[PDB]
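What follows is a single structure, written as structure tokens, with notes after it.
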Amino acid sequence: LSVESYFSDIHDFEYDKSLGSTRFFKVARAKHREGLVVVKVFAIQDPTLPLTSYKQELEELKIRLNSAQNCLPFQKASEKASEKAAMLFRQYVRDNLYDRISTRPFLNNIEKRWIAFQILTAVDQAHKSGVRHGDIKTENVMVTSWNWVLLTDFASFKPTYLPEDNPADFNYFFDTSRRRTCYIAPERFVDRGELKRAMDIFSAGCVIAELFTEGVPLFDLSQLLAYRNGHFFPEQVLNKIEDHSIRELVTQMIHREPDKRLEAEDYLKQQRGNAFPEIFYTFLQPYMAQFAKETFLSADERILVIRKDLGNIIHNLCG
Amino acid sequence: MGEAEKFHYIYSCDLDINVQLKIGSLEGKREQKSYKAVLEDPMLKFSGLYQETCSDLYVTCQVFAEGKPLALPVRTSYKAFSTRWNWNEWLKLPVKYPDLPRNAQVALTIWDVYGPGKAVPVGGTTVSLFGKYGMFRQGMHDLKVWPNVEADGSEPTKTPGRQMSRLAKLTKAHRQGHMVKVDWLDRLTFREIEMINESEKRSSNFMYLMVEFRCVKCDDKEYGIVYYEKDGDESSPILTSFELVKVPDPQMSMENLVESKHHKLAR
Ligand SMILES: Nc1nc2c(ncn2[C@@H]2O[C@H](COP(=O)(O)OP(=O)(O)OP(=O)(O)O)[C@@H](O)[C@H]2O)c(=O)[nH]1
Ligand SMILES: CCCCCCCCCCCCCC(=O)O
Ligand SMILES: [Mg+2]
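Protein chains in written order, with the entry's author numbering: chain A, 14 to 204, 232 to 359; chain B, 1 to 162, 171 to 275.
Right, here's the structure in full:
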């Protein structure tokens, strides 16, 4: 079944585009009353499998991440929408960071810093809420056209632990871009656990690496398996990071032993001022949050909010 | 008995014609002839104040919005004055009704000769083009003239053209027929207004520039020009749903203009 075929049975969501077919999900862009939406359609080949376990999880991710301004959970889920398919619904964002890195205008250092700041803010938001994103990747970091980061596609249905012996489990659930990139924390490799906050910190650290290397992946599956065994360290790619302090944050976060990986809030404490401008904590995160989530401010009213606040904005950012 | 009460109007953004302003008469006296100042400045005897009772003054009309001029000033054509300043000239302004924002004003400056190649402002006056509820001013208006200054086009203007102030309005309303007529009472009351007016003539050296605005007529109807913007009826289809799309993006399905600028410069 083609990705579009599934939408023939649905009235409320009109097919728009395909984002990419993989044996795990077929992803389409759909037009909706509210805007554009990503529909991850899961062809449920074996009806014996209980999707009720995944539907519960996603409904508690949806509740916990309701107020997480930089997290975008799946907002809907439908076990039988096409009888042989399930579907996960979330808004569609302007960019995904992997593409944004290449689209113009190119991200400045200060914009990359703002994206890495908000990646750590998103991880911190979900982690405080009680949620883990079991695969952060640049594809899953989403960027509004005002550079609000939304972390999306929370990997609650993906396995926390993978065997190193059989790459079949990685190939199915992870690396749907088919880039062979591997940000799966090394201790997630063995030979239905719970996901750990340090398993996101390795994933997030590698995404900040790739962000600051202009898309050079820090590891692929063999390199992560070597790093897991201590036979490789990505010094070459880390030296493509142009900023020493983001380089050390990444080198901290990708640390091999999870015990040495702090909380996202700690990296944001340590990085105050030095990696992340003070103004990110004091003005831009709280000011920009008024545009962010379940907010209702029109393009016409956005410009009037920013015009009416120009003087205040100039003082905070500039002085 | 009377034509109906229907109020006809045109949107300002639909009336694509030049604004025209009649410069009527300049009533009032000038600043006498201070011969103290002439001893200090001998060039001052060679100025319209000191050469004729009515120098051949001219007015410049310029439209301002947000403190900026919308176009160049328009000058009254030369008219030789002997005993009264009465241009009686319709000036076609370089601005059209669609071009006028809600805070458009006309800054009117009366100019006089001050020696060779030098005009001095006799006075200035500024009046907003739309009224209190956004209707273009209609008919004959008498504007307070501020002595020895140019009309100020800044927002708010320092030379607004708008006892005798209140009475004149009532008098205009009476002459138009909006006030009820009571002959025995009008006869008595207007003598008092005349006394008030004469007292103000002697008390103050005020000048008034009477101007007029054109009347828009079609089939013997009167249309007021109300300020509007095209699409002003487009009440945005705002809806309060956030079931899936929690974070609206205004640039969502829009051409990337920074990539097209780049395409146009590389390719
Ligand atoms: N701009 C934009 N691109 C998206 C969006 N959703 C998905 N895509 C793109 O389409 C690709 C395919 O969709 P996904 O299945 O989510 O790809 P992915 O991030 O590798 O997916 P997972 O492996 O499940 O995390 C993504 O990598 C993105 O590049 C979106 O909301 N906005
Ligand atoms: C109604 C809830 C819909 C949930 C959608 C995600 C379900 C993912 C199931 C993954 C099954 C893996 C099967 C396999 O290992 O071959
Ligand atoms: Mg995804």
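For every residue, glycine included, the Cβ atom is placed at its ideal position computed from N, Cα and C.
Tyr-196(A) has its CB no nearer than 7 Å to any heavy atom of ligand 2. Runs of the alpha helix (DSSP H) lying entirely within the segment 116–153 of chain A and spanning at least 4 residues, in chain order: 122–142. Ligand 2 approaches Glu-92(A) closely enough that one of its heavy atoms is under 7 Å from the residue's Cβ. Given a length threshold of 3 residues, each whole run of the beta strand (DSSP E) inside the segment 188–243 of chain B is given here in chain order: 215–221, 224–226, 229–234. Taking 3 residues as the shortest admissible run, the segment 271–334 of chain A contains no complete beta strand (DSSP E) segment at all. Note on geometry: alpha-carbon atoms of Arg-77(A) and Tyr-196(A) lie some 24 Å from one another. When Cβ-Cβ separations below 8 Å define contact, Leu-344(A) makes no contact with chain B. Contact note: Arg-103(A) reaches chain B through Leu-252, using a C-beta cutoff of 7 Å and chain order. Remark: the C-beta of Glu-341(A) is outside contact range of ligand 3, defined as less than 7 Å to any heavy atom. Not a single heavy atom of ligand 3 lies less than 7 Å from the C-beta of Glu-250(A). Interface flag for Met-140(B) against chain A is unset, since no Cβ pair is found closer than 8 Å.
Excluding sequence positions up to five before and after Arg-30(B), its CB lies within less than 7 Å of the CB of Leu-49, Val-122, all in the same chain and listed in chain order. Contact between the segment 99–109 of chain B and the segment 144–158 of chain B is present, with at least three C-beta pairs closer than 8 Å. Between the segment 42–49 of chain A and the segment 252–259 of chain B there are three or more inter-stretch CB-CB distances shorter than 8 Å, so the stretches are counted as touching.
For the 8 Å CB-CB criterion, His-140(A) and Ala-43(A) do not form a contact.
By the Cβ test, the segment 122–134 of chain A is in contact with the segment 152–163 of chain A, since at least three Cβ pairs between them sit closer than 8 Å.
Annotation: Cβ neighbours of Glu-267(B) in chain A (cutoff 8 Å, chain order): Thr-116, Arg-117. Taking a cut-off of 5 Å from the heavy atoms of ligand 1, the residues with a C-beta inside it are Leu-32(A), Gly-33(A), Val-40(A), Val-51(A), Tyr-105(A), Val-106(A), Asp-108(A), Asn-109(A), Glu-152(A), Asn-153(A), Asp-166(A), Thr-189(A), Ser-190(A). Taking 9 Å as the cut-off between beta carbons, the residues of the segment 45–56 of chain A near chain B are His-45, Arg-46, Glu-47, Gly-48, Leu-49, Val-50, in sequence order. Not flagged as an interface residue toward chain B: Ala-98(A), since no C-beta distance is shorter than 8 Å. Not flagged as an interface residue toward chain B: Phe-320(A), since no C-beta distance is shorter than 8 Å. The alpha-carbon separation between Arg-117(A) and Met-262(B) amounts to approximately 14 Å.
Between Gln-20(B) and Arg-162(B), the gap from beta carbon to beta carbon reaches 8 Å or more.
Rounded to the nearest angstrom, the gap between the Cα atoms of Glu-152(A) and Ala-249(A) is 14 Å. Relative to the non-hydrogen atoms of ligand 2, the Cβ of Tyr-11(B) never comes closer than 7 Å to any of them.
A direct Cα-to-Cα measurement between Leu-85(A) and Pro-73(B) gives close to 58 Å. For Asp-240(A), the enclosing alpha helix (DSSP H) stretches over residues 237–252. Here DSSP, grouped into helix, strand and coil, assigns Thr-179(B) to helix.
Note: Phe-186(A) is not bridge-paired with any residue in the DSSP secondary-structure output.
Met-1(B) has a beta carbon lying at 8 Å or more from every beta carbon in chain A. With contacts defined as CB atoms closer than 8 Å, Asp-112(B) and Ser-34(B) fail to qualify as a contacting pair. Take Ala-315(A), set aside five residues on each side of it, and the residues of its chain with a beta-carbon closer than 7 Å to its own are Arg-126, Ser-285, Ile-286, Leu-289, in chain order. Under the Cβ criterion of 8 Å, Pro-258(B) is counted among the residues facing chain A.
Rounded to the nearest whole angstrom, the C-alpha separation of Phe-7(B) and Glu-89(B) is 29 Å.
Residues of the segment 328–341 of chain A with a C-beta less than 9 Å from any C-beta of chain B: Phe-331, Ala-332, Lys-333, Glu-334, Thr-335, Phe-336, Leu-337, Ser-338, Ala-339, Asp-340, listed in chain order. From the listed residues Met-260(B), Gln-171(B), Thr-60(B), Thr-248(B), the smallest Cα separation to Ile-204(B) is found for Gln-171(B).
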